[PDB]
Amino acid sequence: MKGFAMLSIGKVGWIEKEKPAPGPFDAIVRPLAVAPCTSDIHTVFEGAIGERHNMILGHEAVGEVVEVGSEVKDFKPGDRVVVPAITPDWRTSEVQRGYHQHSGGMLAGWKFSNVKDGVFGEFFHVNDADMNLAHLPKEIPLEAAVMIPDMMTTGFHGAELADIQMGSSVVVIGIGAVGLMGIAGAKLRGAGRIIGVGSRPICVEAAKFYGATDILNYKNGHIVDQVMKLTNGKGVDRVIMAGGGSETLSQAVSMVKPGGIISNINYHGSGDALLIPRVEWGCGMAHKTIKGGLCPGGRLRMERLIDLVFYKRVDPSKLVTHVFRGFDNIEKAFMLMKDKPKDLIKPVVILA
């Protein structure tokens, strides 16, 4: 079958593989729509997560179930499904510890294009269908729905880890797709002031749509200075790190109040370490909590985000700046993420 894959670090191309087969609890799905992530880049051209050979890429898909194993009870061929980007093995200690994301090891809950073939093929394999698939209501358009497997769950998890109090001020550092869902997330947790950091025109516009009350552009002076200025030297209650480089940690620590919380949902691809600024961190005694986590996956997560979309609590369609048709265009869409132009938030490819 056709599949667009990371041949080796630095090389990508269309390969051919055996169409996969489902174990008793598994499902085979064909993609209806897919999206590329900057994470696919951080790993192909930067090896942020080690080397690989011939690994079909991509982990954001809505699809149609084409086959299920004999033990699968809730899905059958023909069902339209949202496939979470994280599809954990649900029978592990990590799951008993309440961290399915790390079922089987650090980040191991994230399988597609981390440790198994991704969704950029004619077909793909989902482990444990009943636990890891969600039904797609026909109301919700494909392009919107494909923002759910990853962008929405990551962004919102940023808000969730931040433990936002009603009325509190939040800075979201980065306003790409993830940062934009970070903003929407923070609003849906009751944030008052939300300050987005970024400069892309399309992103600024979307940031305001999602609930940003202020936008800071690096071109107008340093972010910390700008935030301290906006908050009259008081800083903010919460910071969500969604995008940018490792220097954003230091920025987040300098902006946040003592006793506050920093929530990293930014996948850090380069550098050995991240510096925490000693003084601004109260030398380790400022109660400035640093959190950071891979997005939740599985059926329940998807079903919950789907509800939010269904009851119109969030509209992820504004995230999709580019739509193309057909397999051939997965490459185009992939490269668009590598050399991200000024008008890009998230590309989506719709299959026939």
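The first residue of the shown sequence is 1; numbering continues from there.
Here 135 to 143 and 208 to 216 are compared by their mean Cα B-factor, and 135 to 143 comes out higher. Of the two stretches examined, 340 to 348 and 13 to 21, the record assigns the greater average C-alpha temperature factor to 13 to 21. Per the deposited coordinates, the residue with the largest Cα temperature factor out of 302, 55, 34, 320 is 55.
You'll see in the entry that, of 87, 270, 154, 165, the Cα B factor peaks at 270. When all modelled residues of the chain are sorted by CA temperature factor, residue 228 is found within the highest third. Residue-level temperature factors show residue 78 in the highest third of its chain, judged at the C-alpha atom. The PDB entry assigns residue 121 a C-alpha temperature factor belonging to the highest third of its chain's modelled residues. Compared with the other modelled residues of the chain, the Cα B-factor recorded for residue 294 ranks in the lowest third. Sort the chain's modelled residues by C-alpha temperature factor and residue 245 lands in the middle third, per the entry.
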